[PDB]
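Student: Below are the structure tokens for one structure; questions will follow.
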Amino acid sequence: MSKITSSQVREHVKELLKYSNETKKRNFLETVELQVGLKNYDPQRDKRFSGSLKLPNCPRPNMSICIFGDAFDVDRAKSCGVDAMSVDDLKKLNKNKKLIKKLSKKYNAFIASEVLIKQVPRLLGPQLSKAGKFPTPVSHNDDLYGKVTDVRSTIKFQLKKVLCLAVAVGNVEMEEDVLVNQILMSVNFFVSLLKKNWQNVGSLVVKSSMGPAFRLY
Amino acid sequence: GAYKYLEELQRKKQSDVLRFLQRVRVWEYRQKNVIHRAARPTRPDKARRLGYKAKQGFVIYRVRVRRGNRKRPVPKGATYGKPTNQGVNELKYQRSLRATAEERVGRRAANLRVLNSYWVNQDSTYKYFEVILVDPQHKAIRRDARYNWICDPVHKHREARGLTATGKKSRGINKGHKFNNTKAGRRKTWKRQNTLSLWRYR
Amino acid sequence: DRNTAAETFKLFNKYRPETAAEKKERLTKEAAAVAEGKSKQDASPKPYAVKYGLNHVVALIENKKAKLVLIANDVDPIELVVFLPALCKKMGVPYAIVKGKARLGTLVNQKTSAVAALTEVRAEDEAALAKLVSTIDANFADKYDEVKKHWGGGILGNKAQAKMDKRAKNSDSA
RNA sequence: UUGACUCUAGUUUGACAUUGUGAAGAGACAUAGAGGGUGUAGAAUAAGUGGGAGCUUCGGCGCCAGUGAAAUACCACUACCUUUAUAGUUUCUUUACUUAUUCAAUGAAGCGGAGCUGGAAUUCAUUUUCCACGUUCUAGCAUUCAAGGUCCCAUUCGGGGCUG
RNA sequence: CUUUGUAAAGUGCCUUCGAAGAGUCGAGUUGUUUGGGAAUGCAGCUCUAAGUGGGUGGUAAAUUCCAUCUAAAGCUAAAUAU
RNA sequence: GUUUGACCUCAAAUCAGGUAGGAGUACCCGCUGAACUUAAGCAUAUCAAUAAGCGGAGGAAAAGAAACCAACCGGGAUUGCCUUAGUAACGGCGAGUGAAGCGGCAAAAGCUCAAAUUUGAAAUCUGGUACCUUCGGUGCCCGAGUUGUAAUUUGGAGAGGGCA
């Protein structure tokens, strides 16, 4: 009803983000997310689009950083918490079985180059194939400080074999109204590839890495 | 005006309310005569839209025509023709059941003039109509200018000649390419374009 | 019920629409004062009468000017009135289903009225209206939301009542 | 006239409409909430999609060492089996209700329920439930309210209430 | 002769409004009819709407626009037939 | 259980005032409806949406002021003639049937209700009676009618309110 359930979604924010027993008050940013709620649940032998839609608002799945692009980004971003990995390395990295498992299990953010998107897809490529863990195009001598949002905001939409997906909706230190605006945008950019909404509605939830007994669709 | 709420309600015919009322009225009407009178309109908003007024001279008459096709009255179903006209059962009357209902009331109450009929109720073997008639002899109607015209003897048995809403429908009297055969009169149109019109100088 | 009805009709007995005589005399005074003084539409003080006729009071309820609406229970085609309690509630006018359209008709100097409505009242008689509005709101207005749910009828004849009461005492009360 | 060609009244079968209302089995659907899945290494038992570096009053595991496609723990939500306890439609089949419809009959007289009297049921004279309700040897008759009771008729004439 | 009249009509700018017809429209099907051809009208039966709505736009449908009217109520001389 | 009065629906009368049939039918509005015949046969077609049959009017009838035509630089109720045209179309695509728009002309004319709260006044109408200046008028009286009769509005508009 005129910004859907914004009377109970504000309760869903305030009665989670500031709690030390219910939400448990853990270490860091209590990162809020949401699944979907549809009747459009034909398992899609059509092979569902799975389109990587983006928004400039930051969900911030941003703990683990790495680097693949070299010769510029190594000595430009060494100021940041990145750790430089050279060109003769990914051979010895993937030579033992476990190293790549540890890498794509923990390392969830990557920076590449327009010259280092050539030697990428041979070795690492299909070792995971479904982890949703890849770099993105950023230039050699460029901003580097607009990447903190533009890369990790692009989270994934792979919906193969079963209709089980979930696009995260901001975190604690982000804007208060923007997460309740981007959820509506996240429904709109779902019905972009989908046909039905059911109807101007998803199925609301904002588990900030802890989901209490808030039983909303 | 209650008339707008009546008009809107009466359209929802399978609303729990009209469902009940259909069942109880169709019983009341079936128990009375075939062509009996009506003390007032059952649908006072429908009546007045068709031209009924609540002044002396205007009457309503409830009438129930049998449903179904027109069985050809030929004896033993034998037609004495060619196969194309051996039909007996699946044949339809060209006038409507409204027209038949108007026609039989027109014959019953000959002193009055049929203004307009309309649908009230129906079951499987009956359809129920309320004909709005007018008294052309009552001064009430003869003195008012808005209904003076009906008294003129060129409006005697409109329902018979087929000048009522039902008749005009059944005669396809409508403007457009759709009604080319029957616009100015099916018979008039036929004889006009089957007339050989010769001049003095050919 | 027949004591709330009695009191409603005792208030509604006043504000009876002007008679043919009372009208004529008032018109003779007014139309005379149009010559003598030339003071028209100020003479013949404002009338407090009951509002009546279906298409009149429907519009007074739609504009929310009505303070009490009496709805007849025996109108020839019920459809004329089936919508009126539901309209009356939605607009929030106090309404009562009163027994007799004949009783309403006798109150408005017609034969039948099928509806009545008090939209104004004299300052003296506003207290009675306020009380009788609260006692009729207890029955009709308040309980509308519940009565809306529940069906009437489905009631057997007295002979089939007695048969069911026999056939129910057969199995269970054996 | 017929297994000639083409039809048709009739009849019969189905669907729909007239066509309402209940009960015992079922689709649950808005509405819940416990199970509900071990190809793999691995403490061991990962259906999944998105979270993370510390929490918990103490216990317990992530963090990280660690295996593997899925990092557990801490939980949200999506269906993939199951349970039923919402009474939110017939969904299909087995019965029932009157009120539509239908068939009779009477010059629309005695219908239904109850109560008397039963004579009694014995559990025992009852607030318990089974148990009838004025006419028969005879080719007659049976019609205009008679008996008691109560007010009037001022006590003439009688006509009226309830029984019968 | 009056004399309607103190009562009726047209006209301009602003402001809020601006009701407009249901067993109908329409659809299926049967019959008939038309030059009207996946159906021109009419009629029976089943279903049965809507309110930026409905009809029509002479090849059925879906999506997108456009044009044009305003149905299911009604009065009305002459040019025509004889 | 009574007293009286309403209301609603349905009746009765040799009730006050009225009206319907029948005739005619050339032309007009409808319904119903063939076969001969044509096809060199014949069943669809054709004759023919004709004859016969039945219902209903008038001096004309019907129609008619757009749920129209169009696709244009757009026209603008209705009917009739010239034309479109023996054409587009139909059709055992055989026999055969077969419109419409534009264009010129004849005559031209437009309008009415329902859906609105008169609500500071059913303002409306039939009837009866009396009188008069009698295709009617007025006063009074019963009735109709608020389950809506008048004034206002008809889509081209228009209504309420404001100012000039």
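Convention: chains lettered A, B, ... in structure tokens order; per-chain residue numbering from 1; ligands numbered from 1 as shown.
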Within region 28-156 of chain B, find each residue whose DSSP state, derived from the backbone, is helix (DSSP H, G or I), and express the selection as a VMD selection string.
Tutor: chain B and resid 28 to 31 44 to 50 75 to 77 83 to 85 97 to 108 139 to 143 145 to 147 149 to 151 153 to 155
Student: Find the residues of chain D that sit at most 10 Å from chain A; for each, write down the nearest two atoms and how far apart they are in Å, to one decimal. Count only C-alpha atoms (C1' of nucleotides). Sort by chain, then by number going up, and give it as CSV.
Tutor:
residue,atom,partner,partner_atom,distance
D:48,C1',A:164,CA,6.7
D:49,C1',A:165,CA,4.3
D:50,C1',A:166,CA,4.6
D:51,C1',A:209,CA,4.9
D:52,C1',A:209,CA,7.1
D:53,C1',A:27,CA,6.7
D:54,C1',A:27,CA,5.8
D:55,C1',A:26,CA,5.9
D:56,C1',A:24,CA,8.5
D:66,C1',A:102,CA,9.9
D:67,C1',A:98,CA,8.7
D:68,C1',A:101,CA,7.8
D:69,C1',A:128,CA,6.2
D:70,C1',A:131,CA,8.9
D:71,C1',A:105,CA,8.7
D:74,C1',A:210,CA,7.2
D:75,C1',A:210,CA,5.4
D:76,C1',A:211,CA,4.2
D:77,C1',A:35,CA,6.2
D:78,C1',A:164,CA,5.5
D:79,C1',A:163,CA,8.0
Student: Got a sec: who's within 8 Å of region 32-42 of chain E, counting only C-alpha atoms (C1' of nucleotides), leaving out chain neighbours fewer than 3 positions off, as a list in words?
Tutor: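 What passes the distance filter is residues 91, 92, 94, 95, 170, 171, 172, 178, 179, 180, 181 and 182 of chain B; 58, 59 and 60 of chain E; 49, 89, 90, 98 and 99 of chain F.
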Student: Next, dump the selected residues to file, keeping only C-alpha atoms (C1' of nucleotides), as a PDB file, in the first residue's frame.
Tutor:
ATOM      1  CA  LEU B  91     -36.003 -23.104 -37.455  1.00  0.00           C
ATOM      2  CA  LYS B  92     -36.152 -19.662 -35.690  1.00  0.00           C
ATOM      3  CA  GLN B  94     -37.496 -13.710 -37.230  1.00  0.00           C
ATOM      4  CA  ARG B  95     -39.153 -11.402 -34.605  1.00  0.00           C
ATOM      5  CA  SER B 170     -35.575  -7.243 -35.894  1.00  0.00           C
ATOM      6  CA  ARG B 171     -35.910  -5.084 -39.109  1.00  0.00           C
ATOM      7  CA  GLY B 172     -32.197  -4.009 -38.843  1.00  0.00           C
ATOM      8  CA  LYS B 178     -23.685  -3.418 -41.988  1.00  0.00           C
ATOM      9  CA  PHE B 179     -27.436  -2.778 -42.729  1.00  0.00           C
ATOM     10  CA  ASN B 180     -27.391  -2.408 -46.588  1.00  0.00           C
ATOM     11  CA  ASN B 181     -30.245  -4.940 -47.289  1.00  0.00           C
ATOM     12  CA  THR B 182     -32.529  -3.608 -44.458  1.00  0.00           C
TER      13      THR B 182
ATOM     14  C1'   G E  58     -15.544  -5.526 -45.808  1.00  0.00           C
ATOM     15  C1'   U E  59      -9.093 -12.223 -44.338  1.00  0.00           C
ATOM     16  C1'   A E  60      -9.250 -15.284 -38.602  1.00  0.00           C
TER      17        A E  60
ATOM     18  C1'   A F  49     -36.018 -13.344 -49.313  1.00  0.00           C
ATOM     19  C1'   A F  89     -18.546  -9.512 -54.311  1.00  0.00           C
ATOM     20  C1'   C F  90     -21.418 -14.328 -54.402  1.00  0.00           C
ATOM     21  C1'   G F  98     -25.173  -8.797 -57.229  1.00  0.00           C
ATOM     22  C1'   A F  99     -24.779  -4.190 -53.691  1.00  0.00           C
TER      23        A F  99
END
Student: Compile a residue-level contact table for chain C against chain F at a cut-off of 10 Å, reporting for every qualifying residue the shortest atom pair and its distance in Å to one decimal, with only C-alpha atoms (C1' of nucleotides) counted, rows ordered by chain and ascending number, as JSON lines.
Tutor:
{"residue": "C:17", "atom": "CA", "partner": "F:121", "partner_atom": "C1'", "distance": 8.4}
{"residue": "C:18", "atom": "CA", "partner": "F:121", "partner_atom": "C1'", "distance": 7.6}
{"residue": "C:23", "atom": "CA", "partner": "F:121", "partner_atom": "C1'", "distance": 7.8}
{"residue": "C:26", "atom": "CA", "partner": "F:121", "partner_atom": "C1'", "distance": 9.9}
{"residue": "C:27", "atom": "CA", "partner": "F:121", "partner_atom": "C1'", "distance": 9.7}
{"residue": "C:41", "atom": "CA", "partner": "F:120", "partner_atom": "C1'", "distance": 7.7}
{"residue": "C:42", "atom": "CA", "partner": "F:120", "partner_atom": "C1'", "distance": 9.4}
{"residue": "C:44", "atom": "CA", "partner": "F:120", "partner_atom": "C1'", "distance": 8.7}
{"residue": "C:45", "atom": "CA", "partner": "F:120", "partner_atom": "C1'", "distance": 8.2}
{"residue": "C:46", "atom": "CA", "partner": "F:120", "partner_atom": "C1'", "distance": 5.7}
{"residue": "C:47", "atom": "CA", "partner": "F:120", "partner_atom": "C1'", "distance": 6.5}
{"residue": "C:48", "atom": "CA", "partner": "F:120", "partner_atom": "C1'", "distance": 9.4}
{"residue": "C:49", "atom": "CA", "partner": "F:121", "partner_atom": "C1'", "distance": 9.1}
{"residue": "C:51", "atom": "CA", "partner": "F:119", "partner_atom": "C1'", "distance": 7.4}
{"residue": "C:52", "atom": "CA", "partner": "F:146", "partner_atom": "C1'", "distance": 6.7}
{"residue": "C:53", "atom": "CA", "partner": "F:146", "partner_atom": "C1'", "distance": 4.1}
{"residue": "C:54", "atom": "CA", "partner": "F:146", "partner_atom": "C1'", "distance": 7.0}
{"residue": "C:55", "atom": "CA", "partner": "F:148", "partner_atom": "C1'", "distance": 7.7}
{"residue": "C:56", "atom": "CA", "partner": "F:117", "partner_atom": "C1'", "distance": 5.7}
{"residue": "C:57", "atom": "CA", "partner": "F:117", "partner_atom": "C1'", "distance": 8.3}
{"residue": "C:58", "atom": "CA", "partner": "F:117", "partner_atom": "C1'", "distance": 9.2}
{"residue": "C:59", "atom": "CA", "partner": "F:117", "partner_atom": "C1'", "distance": 6.3}
{"residue": "C:60", "atom": "CA", "partner": "F:117", "partner_atom": "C1'", "distance": 7.1}
{"residue": "C:63", "atom": "CA", "partner": "F:117", "partner_atom": "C1'", "distance": 9.5}
{"residue": "C:74", "atom": "CA", "partner": "F:8", "partner_atom": "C1'", "distance": 9.2}
{"residue": "C:75", "atom": "CA", "partner": "F:147", "partner_atom": "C1'", "distance": 7.6}
{"residue": "C:76", "atom": "CA", "partner": "F:147", "partner_atom": "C1'", "distance": 7.6}
{"residue": "C:77", "atom": "CA", "partner": "F:147", "partner_atom": "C1'", "distance": 8.0}
{"residue": "C:78", "atom": "CA", "partner": "F:147", "partner_atom": "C1'", "distance": 9.9}
{"residue": "C:80", "atom": "CA", "partner": "F:147", "partner_atom": "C1'", "distance": 7.4}
{"residue": "C:81", "atom": "CA", "partner": "F:147", "partner_atom": "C1'", "distance": 9.8}
{"residue": "C:100", "atom": "CA", "partner": "F:7", "partner_atom": "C1'", "distance": 8.4}
{"residue": "C:101", "atom": "CA", "partner": "F:7", "partner_atom": "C1'", "distance": 7.8}
{"residue": "C:102", "atom": "CA", "partner": "F:7", "partner_atom": "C1'", "distance": 5.0}
{"residue": "C:103", "atom": "CA", "partner": "F:6", "partner_atom": "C1'", "distance": 8.2}
{"residue": "C:105", "atom": "CA", "partner": "F:7", "partner_atom": "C1'", "distance": 8.7}
{"residue": "C:106", "atom": "CA", "partner": "F:6", "partner_atom": "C1'", "distance": 8.0}
{"residue": "C:108", "atom": "CA", "partner": "F:146", "partner_atom": "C1'", "distance": 9.4}
{"residue": "C:110", "atom": "CA", "partner": "F:146", "partner_atom": "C1'", "distance": 8.0}
{"residue": "C:111", "atom": "CA", "partner": "F:7", "partner_atom": "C1'", "distance": 7.0}
{"residue": "C:112", "atom": "CA", "partner": "F:7", "partner_atom": "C1'", "distance": 7.3}
{"residue": "C:113", "atom": "CA", "partner": "F:146", "partner_atom": "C1'", "distance": 6.8}
{"residue": "C:114", "atom": "CA", "partner": "F:147", "partner_atom": "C1'", "distance": 7.2}
{"residue": "C:115", "atom": "CA", "partner": "F:146", "partner_atom": "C1'", "distance": 9.6}
Student: Do you know which residues are at most 10 Å from region 44-52 of chain B counting only C-alpha atoms (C1' of nucleotides), after dropping those on the same chain fewer than 2 positions away, and could you put them as number ranges by chain?
Tutor: B: 2-7, 10, 40-42, 54-55, 58-60, 115-120, 130-134, 147, 165; C: 77, 80; E: 21, 73-74; F: 113-115, 147
Student: Write out the residues from the selection above, keeping C-alpha atoms (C1' of nucleotides), as a PDB file, in the first residue's frame.
Tutor:
ATOM      1  CA  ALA B   2     -31.749   6.007  -6.035  1.00  0.00           C
ATOM      2  CA  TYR B   3     -32.261   5.394  -9.824  1.00  0.00           C
ATOM      3  CA  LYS B   4     -28.441   5.213 -10.441  1.00  0.00           C
ATOM      4  CA  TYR B   5     -28.002   2.628  -7.582  1.00  0.00           C
ATOM      5  CA  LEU B   6     -30.966   0.601  -9.024  1.00  0.00           C
ATOM      6  CA  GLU B   7     -29.476   0.769 -12.602  1.00  0.00           C
ATOM      7  CA  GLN B  10     -29.837  -4.571 -11.672  1.00  0.00           C
ATOM      8  CA  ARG B  40     -46.435  -0.701 -10.605  1.00  0.00           C
ATOM      9  CA  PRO B  41     -43.167  -1.277 -12.560  1.00  0.00           C
ATOM     10  CA  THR B  42     -40.944  -4.067 -11.049  1.00  0.00           C
ATOM     11  CA  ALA B  54     -45.788   7.918 -13.007  1.00  0.00           C
ATOM     12  CA  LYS B  55     -48.923   9.861 -14.170  1.00  0.00           C
ATOM     13  CA  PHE B  58     -49.400   5.145 -18.492  1.00  0.00           C
ATOM     14  CA  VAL B  59     -49.882   1.419 -17.553  1.00  0.00           C
ATOM     15  CA  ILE B  60     -47.584  -1.665 -17.169  1.00  0.00           C
ATOM     16  CA  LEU B 115     -44.621   2.768 -25.763  1.00  0.00           C
ATOM     17  CA  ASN B 116     -41.815   0.214 -24.993  1.00  0.00           C
ATOM     18  CA  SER B 117     -41.399  -3.358 -23.549  1.00  0.00           C
ATOM     19  CA  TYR B 118     -38.382  -4.883 -21.673  1.00  0.00           C
ATOM     20  CA  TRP B 119     -36.971  -8.059 -19.993  1.00  0.00           C
ATOM     21  CA  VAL B 120     -37.859  -8.712 -16.270  1.00  0.00           C
ATOM     22  CA  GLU B 130     -43.226  -5.653 -18.700  1.00  0.00           C
ATOM     23  CA  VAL B 131     -44.804  -3.628 -21.595  1.00  0.00           C
ATOM     24  CA  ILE B 132     -45.098   0.147 -20.829  1.00  0.00           C
ATOM     25  CA  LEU B 133     -48.387   1.181 -22.562  1.00  0.00           C
ATOM     26  CA  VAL B 134     -50.057   4.657 -22.713  1.00  0.00           C
ATOM     27  CA  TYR B 147     -46.549  12.437 -25.161  1.00  0.00           C
ATOM     28  CA  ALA B 165     -37.375  -0.816 -30.215  1.00  0.00           C
TER      29      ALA B 165
ATOM     30  CA  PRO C  77     -39.716  -4.083  -5.169  1.00  0.00           C
ATOM     31  CA  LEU C  80     -35.428   0.188  -4.309  1.00  0.00           C
TER      32      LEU C  80
ATOM     33  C1'   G E  21     -29.812   3.663 -21.646  1.00  0.00           C
ATOM     34  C1'   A E  73     -34.733   5.156 -25.166  1.00  0.00           C
ATOM     35  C1'   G E  74     -37.822   8.598 -28.344  1.00  0.00           C
TER      36        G E  74
ATOM     37  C1'   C F 113     -36.205  12.093 -22.828  1.00  0.00           C
ATOM     38  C1'   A F 114     -33.334   8.814 -18.659  1.00  0.00           C
ATOM     39  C1'   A F 115     -29.442   9.463 -15.644  1.00  0.00           C
ATOM     40  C1'   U F 147     -41.873   3.620  -5.519  1.00  0.00           C
TER      41        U F 147
END
Student: With 12 Å as the cut-off and only C-alpha atoms (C1' of nucleotides) counted, what is the closest atom pair between each nearby residue of chain D and chain B? Distances in Å to one decimal, ordered by chain and number, as JSON lines.
Tutor:
{"residue": "D:6", "atom": "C1'", "partner": "B:83", "partner_atom": "CA", "distance": 7.5}
{"residue": "D:7", "atom": "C1'", "partner": "B:83", "partner_atom": "CA", "distance": 6.0}
{"residue": "D:8", "atom": "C1'", "partner": "B:86", "partner_atom": "CA", "distance": 6.5}
{"residue": "D:9", "atom": "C1'", "partner": "B:77", "partner_atom": "CA", "distance": 4.3}
{"residue": "D:10", "atom": "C1'", "partner": "B:76", "partner_atom": "CA", "distance": 9.0}
{"residue": "D:16", "atom": "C1'", "partner": "B:124", "partner_atom": "CA", "distance": 11.8}
{"residue": "D:17", "atom": "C1'", "partner": "B:124", "partner_atom": "CA", "distance": 6.7}
{"residue": "D:18", "atom": "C1'", "partner": "B:124", "partner_atom": "CA", "distance": 4.6}
{"residue": "D:19", "atom": "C1'", "partner": "B:23", "partner_atom": "CA", "distance": 10.4}
{"residue": "D:20", "atom": "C1'", "partner": "B:23", "partner_atom": "CA", "distance": 9.3}
{"residue": "D:99", "atom": "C1'", "partner": "B:24", "partner_atom": "CA", "distance": 10.0}
{"residue": "D:100", "atom": "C1'", "partner": "B:27", "partner_atom": "CA", "distance": 7.6}
{"residue": "D:101", "atom": "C1'", "partner": "B:27", "partner_atom": "CA", "distance": 10.7}
Student: Excluding region 128-143 of chain D and its own-chain neighbours fewer than 2 positions away, which residues fall within 10 Å of it when counting only C-alpha atoms (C1' of nucleotides)? Please give them as a PDB file with C-alpha atoms (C1' of nucleotides), in the first residue's frame.
Tutor:
ATOM      1  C1'   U D 117     -59.558 -41.061  29.390  1.00  0.00           C
ATOM      2  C1'   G D 118     -56.115 -44.974  28.752  1.00  0.00           C
ATOM      3  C1'   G D 119     -56.744 -50.357  30.923  1.00  0.00           C
ATOM      4  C1'   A D 120     -51.881 -50.494  31.394  1.00  0.00           C
ATOM      5  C1'   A D 121     -45.862 -49.747  31.008  1.00  0.00           C
ATOM      6  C1'   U D 126     -44.641 -40.805  36.229  1.00  0.00           C
TER       7        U D 126
END
Student: I want to know what sits within 7 Å of region 75-85 of chain F, based on only C-alpha atoms (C1' of nucleotides), with residues of the same chain fewer than 5 positions away left out; could you give that as a count of residues only?
Tutor: 5
Student: Could you give me, as a Markdown table, a per-residue list for chain F showing, wherever an atom lies at most 8 Å from an atom of chain B, the closest pair of atoms and their distance in Å to one decimal, using only C-alpha atoms (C1' of nucleotides) and sorting by chain then residue number from low to high?
Tutor:
| residue | atom | partner | partner_atom | distance |
| --- | --- | --- | --- | --- |
| F:18 | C1' | B:137 | CA | 7.2 |
| F:19 | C1' | B:111 | CA | 5.2 |
| F:20 | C1' | B:110 | CA | 5.0 |
| F:29 | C1' | B:161 | CA | 4.8 |
| F:30 | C1' | B:161 | CA | 4.9 |
| F:31 | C1' | B:95 | CA | 7.9 |
| F:34 | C1' | B:81 | CA | 7.3 |
| F:35 | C1' | B:81 | CA | 7.3 |
| F:43 | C1' | B:83 | CA | 7.4 |
| F:44 | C1' | B:84 | CA | 7.9 |
| F:55 | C1' | B:160 | CA | 6.4 |
| F:56 | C1' | B:161 | CA | 5.2 |
| F:57 | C1' | B:154 | CA | 5.8 |
| F:58 | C1' | B:154 | CA | 6.4 |
| F:62 | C1' | B:185 | CA | 7.1 |
| F:63 | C1' | B:184 | CA | 5.5 |
| F:66 | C1' | B:175 | CA | 7.1 |
| F:68 | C1' | B:176 | CA | 5.5 |
| F:69 | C1' | B:176 | CA | 8.0 |
| F:99 | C1' | B:180 | CA | 7.8 |
| F:100 | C1' | B:177 | CA | 6.9 |
| F:112 | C1' | B:146 | CA | 7.7 |
| F:113 | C1' | B:51 | CA | 7.0 |
| F:114 | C1' | B:49 | CA | 4.3 |
| F:115 | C1' | B:4 | CA | 6.8 |
| F:116 | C1' | B:1 | CA | 7.7 |
| F:125 | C1' | B:140 | CA | 6.2 |
| F:126 | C1' | B:140 | CA | 6.0 |
| F:144 | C1' | B:56 | CA | 6.4 |
| F:145 | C1' | B:55 | CA | 7.0 |
| F:147 | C1' | B:44 | CA | 7.3 |
| F:148 | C1' | B:54 | CA | 7.3 |
| F:149 | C1' | B:55 | CA | 6.1 |
Student: Near residue 151 (chain A), within 9 Å and counting only C-alpha atoms (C1' of nucleotides), which residues show up once chain neighbours fewer than 6 positions away are dropped, as a PyMOL selection string?
Tutor: chain A and resi 109-111+135-137
Student: Pick from E:45, E:61, E:77, E:20: nearest to chain B, with only C-alpha atoms (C1' of nucleotides) counted?
Tutor: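 The shortest atom-to-atom distance to chain B comes from E:45.
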Student: If I take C1' of residue 3 (chain E) and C1' of residue 123 (chain F), how far is one from the other in Å, to one decimal?
Tutor: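 Interatomic distance here is 25.0 Å.
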Student: Taking the DSSP assignment computed from this structure's backbone, write out as a PyMOL selection string all residues of region 82-168 of chain B that belong to strand (DSSP E).
Tutor: chain B and resi 113-116+119-122+126-134
Student: If we count only C-alpha atoms (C1' of nucleotides), which residues of chain D reach to within 12 Å of chain C? Please list them as a PyMOL selection string.
Tutor: chain D and resi 20-22+96-99+111-114+129
